[PDB]
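For reference, the structure is listed below as structure tokens.
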Amino acid sequence: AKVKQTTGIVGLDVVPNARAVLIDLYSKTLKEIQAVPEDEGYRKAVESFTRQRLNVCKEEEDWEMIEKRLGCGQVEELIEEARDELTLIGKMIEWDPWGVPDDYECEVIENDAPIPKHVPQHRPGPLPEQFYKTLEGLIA
Amino acid sequence: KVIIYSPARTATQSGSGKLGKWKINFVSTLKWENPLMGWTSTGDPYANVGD
Amino acid sequence: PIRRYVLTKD
Amino acid sequence: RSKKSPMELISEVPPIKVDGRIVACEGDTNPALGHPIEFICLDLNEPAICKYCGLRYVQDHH
Amino acid sequence: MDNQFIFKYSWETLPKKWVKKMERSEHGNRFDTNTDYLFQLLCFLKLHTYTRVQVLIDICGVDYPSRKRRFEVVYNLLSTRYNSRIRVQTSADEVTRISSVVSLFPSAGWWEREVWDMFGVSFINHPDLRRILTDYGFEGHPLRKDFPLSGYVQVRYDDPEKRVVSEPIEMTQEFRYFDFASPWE
Amino acid sequence: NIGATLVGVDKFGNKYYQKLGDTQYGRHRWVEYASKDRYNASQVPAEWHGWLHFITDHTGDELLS
Amino acid sequence: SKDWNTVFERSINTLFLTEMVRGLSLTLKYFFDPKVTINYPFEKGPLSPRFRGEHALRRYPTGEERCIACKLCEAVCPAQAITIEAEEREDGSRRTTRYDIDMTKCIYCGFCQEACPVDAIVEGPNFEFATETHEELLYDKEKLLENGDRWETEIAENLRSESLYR
Amino acid sequence: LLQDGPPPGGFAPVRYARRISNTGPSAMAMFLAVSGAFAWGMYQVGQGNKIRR
Amino acid sequence: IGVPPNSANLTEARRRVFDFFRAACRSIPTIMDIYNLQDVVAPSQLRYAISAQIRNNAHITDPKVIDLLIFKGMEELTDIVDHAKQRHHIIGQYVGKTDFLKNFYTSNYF
Amino acid sequence: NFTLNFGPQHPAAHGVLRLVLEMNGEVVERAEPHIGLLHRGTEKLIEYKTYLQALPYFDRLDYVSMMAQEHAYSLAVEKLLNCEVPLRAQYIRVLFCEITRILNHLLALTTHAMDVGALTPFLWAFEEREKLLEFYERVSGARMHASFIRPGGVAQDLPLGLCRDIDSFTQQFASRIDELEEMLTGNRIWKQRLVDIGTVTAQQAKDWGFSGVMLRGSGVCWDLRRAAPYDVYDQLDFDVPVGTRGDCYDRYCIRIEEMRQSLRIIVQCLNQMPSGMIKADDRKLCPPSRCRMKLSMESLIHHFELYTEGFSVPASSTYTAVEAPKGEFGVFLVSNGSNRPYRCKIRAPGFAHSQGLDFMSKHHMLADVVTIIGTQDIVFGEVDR
Ligand SMILES: CCCCCCCCCCCCCCCCCCCC(=O)O[C@H](COC(=O)CCCCCCCCCCCCCC)COP(=O)(O)OCCN
Ligand SMILES: CCCCCCCCCCCC(=O)SCCNC(=O)CCNC(=O)[C@H](O)C(C)(C)COP(=O)(O)O
Ligand code: SF4
Ligand code: SF4
Ligand SMILES: [Zn+2]
């Protein structure tokens, strides 16, 4: 309804009308990911959640709903998240890490050692829906 | 001059749980007695590295 | 409980 | 006193008389403040020395 | 955001030939790469949106004097907003240069020097790599399994010249190593 | 120097006093050394050492039994 | 934003050091209150029965020394302070011929006290044993046994008191 | 069998919320206590100067 | 500046060795100036000492090992030049019948 | 820009701190702390001593939060051993960790204030810290270095007359905190000597690894005992203070609020204290009762083989992490399967805080550096291991 006022985090000054910049970044990432091959999981996931974020932010018109129906932090954190994603896209295009080597092995271990209930273990709440729906498309 | 060997099973006990391991035996045989309290003194830094 | 399986392609 | 060494000081303590065949020695009167319990089978003609305490036990009669 | 979800995602999203092997267990998720695709792996794990690993906790080091690749440096990571931990490790060598990660996480500048000091694994494109913990005139790397516990040099004050001079080690009572190891285990 | 009462004596001559407060610590029990030549900084025996440091509620005269 | 009524109060307060005289008056409330320090040579601080101080080798009420040269204390000491040498006496029982502790290496951690199966070694409540020479700190067997004899009437009571634990 | 613990019924409540008091001199009255004192004192100094003269 | 990547071949390490020796010679007046030593030693035979220490380890062929010796030598040089090493140590490091009978007379372990 | 050598030989700057820095005459450009003067060598000495003998190493590191340090080692060993500790031991461990937090916060606040110049609250807070060092004297043998916490449970049970004294202390500790706070928060000089000093952004804190109060002084709600609760902390109710600006004043306010929350947690743990045993019983890593090993054979065998050989941790490796008063303290244990640890790296929270000093003192006064040192609460036992 009004301006963001304080963001609650130092060094993260409020960006007025962040929806426009966020949409711009999402569009640039969507139109820049065409370099890497389709078949790979990285593209298959970045296109997925970038497109989901673009649709969910274009449906809404204000920050207090954009961050609300995402639930992925404040509308301003998404800005540097998208900027970092674009930087990663560019760097990995420069790296070109594609091509599965013919002599490739990967010893995947499934060790299951129980630990007590009183040791420091990260036990957070469930993720939003898109984080789970992305892996369905990634696998299939 | 070092000796590479596998320590043998101790006679007094019948378990073979300490076998199959190889060690480097630096010959740090230079040890004497402190003439105040009878402690064992060394001048060789490798007194117990290999152990 | 140790499941140690090594990957391989083609 | 401190002139007598403990080895020569324990020997003068009179041996204990036990009616039974085996006597359990626990060190002090309180079991938790003494050495672990030691059962000694006193059958010879010489006193049986407690290995922890040094106390000697002699069997008088059954 | 938990162990299993991250395992699936980093199994699918990560490009191959990067992670030589990986583990999933309650103790911790591991990603053992091959000492060359380290900067790339950390850069991907730092910038990706679904894995926003931002803070590097510490850079460990383990000396195994039984394998060909003697040393093994361990990178502990943490994602603040996802509340999850990733432990990436490599295999090093006593005469080999493993890449540095100061560009991504500036905090690594001192653990880098400490790992150089303790073990002797040098690094590339690191501004300083100077000894940080041992003495200025110190020789050898102490955390190696070769280094004796007592050390090689002692320190004492001699009156003929009014200064503190180092000297060969000579201990009054040697370090008694008690061999408690027993069979049936 | 002065206090509520006097708690026993010692073979070394020093007298042990005892004062009781209500809710705050300080000025509970102390020692007046028999001598005055630097008092050796350590003259309490083993029986009165525990009482002085609040280790035991036994006076020290009772600790003999 | 100001209303010409709050700027007056704020300017006056910053000009008359009110927030400084507040602390000035606060610091004076303990001036007339009773003090807390203790006359150390006469009254000493409160300790606990579990206090770990200077070591002491206690002995049986009969007169035999309580140590049986089991060497658990030597093998559990993290600082490696204790050195023991044993030998079978002509009496027949096993005893210590050389039991010394390096008080310079010792850290008073109480591991040796709780490792004895017979309570041979304990840490007495004596915390005043600073010496003048380094070689005096190397407590041999005779000095440590004399320490055990000196504090026996209180060491035994301390052991009996907190015997409900450990 | 005699574990140390809270008494039957629990311990008494404790406050920890940084209780704020007000022992300050005043808010505005000190300005008058200074200014009126200054005026009256300057008048007294004038009278003293006249007497000394 | 930053640590260079390890040399690919020996000829690329040889120029690194020459550069390190060059830098050591360039900085050699500073040690003689800030450590106050003029009558004990002249700068010319310090060149001989450095050359001897750099030619003793001349049989190493592995480029990585040579690079690591250059790295360690640079660290030692920076320690000496900066106020890290302490006096009477630089001069400590720098500047009959038969041996068997002497070794027999002095000790059993030689 | 001339260079002067800091490095005072006294605890009036925490001692053992070289800190060579660049000076333009009044504004410092680059400050280079020279750590290593207190590298005792614990990390090498850990591998030569069993899992029980290595516990007192952890008391020495960061020697103002003693029981908050060995707690991490105990948790790591328990995780590597799948050992379940009884509830009473967990509650008393939480209580004593909170006491460590209070001690560390008091010592840090008063040492920093005395560095600034305010010397009267220093002695007041050590008068109050006497009462808690006395509590440490009661449960354990020693006032400061107390090996109370063991991998199984705690070393010994609490004395009978302890909870009454602890609650009596907590009755007035809040008023003591208010007295100490009224002299500094409302003061004028304290504000101008702290506000807008050593500001750190959240991105900078994350990049430089400032987990702890420095991370939470930038607006990041990252509390390890709430994000990853280890002992019984879900039952306990407390708040996580989070700052707005990364200056030194908000860190001071955060530390005061942390002391408040620690007092609240101590009260909760005192109220909700269950009965039962203190040491674990599932695995054999706890000594038998001294009234039991003297009449049982298996118990005596266990006592012997534990106080000579120790418990053998199965071969694995892990990184634990607890919320030390300084910040995140973590122990990276590598177990060879024997009774001695193969490698035990210690992640000191003060190491990263000390390295991040270079950018904090960017374009500040020289006397503005001692307050930055004080506000980050650096002790050099943990920094150099
Ligand atoms: C019984 C006999 C007692 C004799 C002694 C009297 C009591 C003395 C007690 C002293 C206790 C306090 C001592 C503290 C020492 C340091 C205090 C200095 C504080 C300071 O300098 O702050 C300045 C303001 O105070 C000031 O400016 C101070 C000067 C104030 C003078 C008052 C002028 C008021 C004029 C009103 C006239 C009324 C009559 C008009 C007709 C600047 O403030 P800042 O820089 O920190 O903040 C931003 C402002 N830009
Ligand atoms: C006061 C100054 C302080 C620092 C003093 C220096 C301290 C460290 C000194 C470095 C110690 C070392 O061994 S580090 C340097 C060791 N590295 C080498 O010796 C390279 C192997 N040798 C060759 O390549 C050639 O034989 C060569 C002899 C070069 C020429 O022959 P060519 O042309 O056919 O090639
Ligand atoms: S543990 Fe006690 S009985 Fe055993 S050798 Fe040591 S002092 Fe003697
Ligand atoms: S107190 Fe600790 S360091 Fe001292 S002798 Fe006993 S076990 Fe060893
Ligand atoms: Zn007996």
Original post:
Here is a list of conditions, (1) farther than 21 Å from F:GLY26 by Cβ; (2) of a type in the set (A, V, I, L, M, F, W, C); (3) within 13 Å of chain G (Cβ to nearest Cβ), and J:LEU123 meets all of them except one; can you say which number that is?
Top reply: (1)
**OP:** Output the residues belonging to the stretch J:184-231 that are closer than 22 Å to J:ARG101 by Cβ and of a type in the set (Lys, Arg).
**Re:** J:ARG216, J:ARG225, J:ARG226
**OP:** Within the stretch G:36-55, identify whether any single residue is within 16 Å of ligand 5 (Cβ to nearest atom), within 30 Å of D:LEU33 (Cα to Cα) and not in a loop (DSSP other than H, G, I, E, B), and answer yes or no.
**Re:** no
Original post:
Cβ-Cβ below 8 Å, separation at least six or inter-chain, first residue in the stretch I:62-80 and away from ligand 4 (no atom under 16 Å from the Cβ), second part of a helix (DSSP H, G or I) and of a type in the set (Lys, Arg): which pairs?
Top reply: I:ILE66/I:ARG16; I:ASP67/I:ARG16; I:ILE70/I:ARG16
Original post:
Among the residues of the stretch J:354-366, is there at least one that is touching a strand residue (DSSP E or B) at 6+ places or on another chain (Cβ under 9 Å), assigned to a helix (DSSP H, G or I) and at the interface with another protein chain (Cβ under 7 Å from one of its Cβ atoms)?
Top reply: no
**OP:** Identify, from the list J:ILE301, J:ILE278, the residue that is more than 8 Å from every other protein chain (Cβ to nearest Cβ), in contact with a helix residue (DSSP H, G or I) (Cβ under 8 Å, 6 or more places away or on another chain) and either crowded, with 23+ Cβ neighbours inside 10 Å or not basic (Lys, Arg) (or both).
**Re:** J:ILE278
Original post:
Just a yes or no: is a residue in the stretch E:155-166 of a type in the set (A, V, I, L, M) and farther than 30 Å from E:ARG113 by Cα?
Top reply: no
Original post:
Out of all the residues in the stretch D:30-59, which are facing another protein chain (nearest Cβ under 7 Å), touching a strand residue (DSSP E or B) at 6+ places or on another chain (Cβ under 7 Å) and either within 16 Å of ligand 4 (Cβ to nearest atom) or over 22 Å from G:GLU88 (Cβ atoms) (or both)?
Top reply: D:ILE37
Subject >> Residue list for the stretch G:142-166, filter: more than 17 Å from D:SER5 (Cα to Cα) and more than 9 Å from chain F (Cβ to nearest Cβ) >> reply: G:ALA156, G:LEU159, G:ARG160, G:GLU162, G:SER163, G:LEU164, G:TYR165, G:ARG166
Original post:
Which fully enclosed strands (runs of 3 or more DSSP E) of chain B have 1 or more residues being at the interface with chain E (Cβ under 8 Å from one of its Cβ atoms)?
Top reply: B:31-33, B:40-42
Original post:
Got a sec? Which of J:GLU84, J:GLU43, J:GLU98 is within 10 Å of another protein chain (Cβ to nearest Cβ) and surrounded by 18 or more Cβ atoms within 10 Å (Cβ to Cβ)?
Top reply: J:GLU43
**OP:** Residue by residue through the stretch H:2-22, note down the ones that are facing another protein chain (nearest Cβ under 7 Å) and of a type in the set (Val, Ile, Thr).
**Re:** H:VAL14
**OP:** Answer with yes or no whether F:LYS19 is exposed (fewer than 10 other Cβ atoms within 10 Å of the Cβ) and of a type outside the set (A, V, I, L, M, F, W, C).
**Re:** no
**OP:** Give the residues of the stretch G:122-135 that are within 11 Å of ligand 4 (Cβ to nearest atom) and either under 23 Å from E:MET171 (Cα atoms) or within 14 Å of chain D (Cβ to nearest Cβ) (or both), sorted by residue number.
**Re:** G:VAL122
**OP:** Inspect the stretch G:20-37 for any residue being surrounded by 15 or more Cβ atoms within 10 Å (Cβ to Cβ), small (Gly, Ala, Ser), within 14 Å of chain J (Cβ to nearest Cβ) and more than 11 Å from ligand 3 (Cβ to nearest atom) and give the result as yes or no.
**Re:** yes
**OP:** List the strands (runs of 3 or more DSSP E) that sit entirely inside chain F and contain at least 2 residues that are among the β-branched types (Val, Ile, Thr).
**Re:** F:5-7
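If you check J:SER218, J:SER147, which single one turns out to be part of a loop (DSSP other than H, G, I, E, B), within 16 Å of ligand 4 (Cβ to nearest atom), closer than 25 Å to J:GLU323 by Cα and touching a helix residue (DSSP H, G or I) at 6+ places or on another chain (Cβ under 7 Å)?
Answer to the selection: J:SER147.
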**OP:** Might you let me know whether the stretch I:23-40 holds any residue that is within 14 Å of chain E (Cβ to nearest Cβ), in contact with a strand residue (DSSP E or B) (Cβ under 9 Å, 6 or more places away or on another chain) and away from ligand 1 (no atom under 16 Å from the Cβ)?
**Re:** no
Original post:
Which residue, of J:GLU328, J:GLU258, is within 23 Å of the chain's Cα centre (by Cα) and more than 14 Å from chain E (Cβ to nearest Cβ)?
Top reply: J:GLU258
Original post:
Picking from I:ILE80, I:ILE54, which residue would you name as being within 14 Å of chain E (Cβ to nearest Cβ) and surrounded by 15 or more Cβ atoms within 10 Å (Cβ to Cβ)?
Top reply: I:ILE80
**OP:** Test E:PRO15 against the stated conditions and say whether it is more than 9 Å from chain A (Cβ to nearest Cβ) and in a loop (DSSP other than H, G, I, E, B).
**Re:** no
**OP:** Could you give me the residue pairs with C-beta distances under 6 Å whose first residue belongs to the stretch J:228-245 and is more than 12 Å from chain A (Cβ to nearest Cβ), whose second residue is aliphatic (A, V, I, L, M) wherever it lies, and which are 6+ apart or on separate chains?
**Re:** J:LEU236/J:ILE265; J:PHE238/J:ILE265; J:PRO241/J:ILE254
Subject >> Meets criteria (within 30 Å of J:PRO151 (Cβ to Cβ) and not basic (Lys, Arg)) for A:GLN121 >> reply: yes
Subject >> Cβ pairs under 7 Å, 6+ apart, first in the stretch H:24-45 and at the interface with chain G (Cβ under 8 Å from one of its Cβ atoms), second assigned to a helix (DSSP H, G or I) and within 16 Å of ligand 3 (Cβ to nearest atom) >> reply: none
Original post:
Only one residue in E:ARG176, E:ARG144, E:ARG156, E:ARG67 is of a type outside the set (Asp, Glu), part of a loop (DSSP other than H, G, I, E, B), surrounded by fewer than 16 Cβ atoms within 10 Å (Cβ to Cβ) and more than 7 Å from every other protein chain (Cβ to nearest Cβ). Which one?
Top reply: E:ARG67
**OP:** Select from the stretch G:87-120 the residues that are in a strand (DSSP E or B) and either more than 10 Å from ligand 3 (Cβ to nearest atom) or within 14 Å of chain D (Cβ to nearest Cβ) (or both) and list them in ascending order.
**Re:** G:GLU87, G:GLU88, G:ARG94, G:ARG95, G:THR96, G:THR97, G:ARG98, G:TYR99, G:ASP100, G:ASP102
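Throughout, read-outs are computed from the coordinates displayed, never taken from laboratory work. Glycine also receives a Cβ, built like all others from the backbone with ideal geometry; neighbour counts cover every protein chain displayed.
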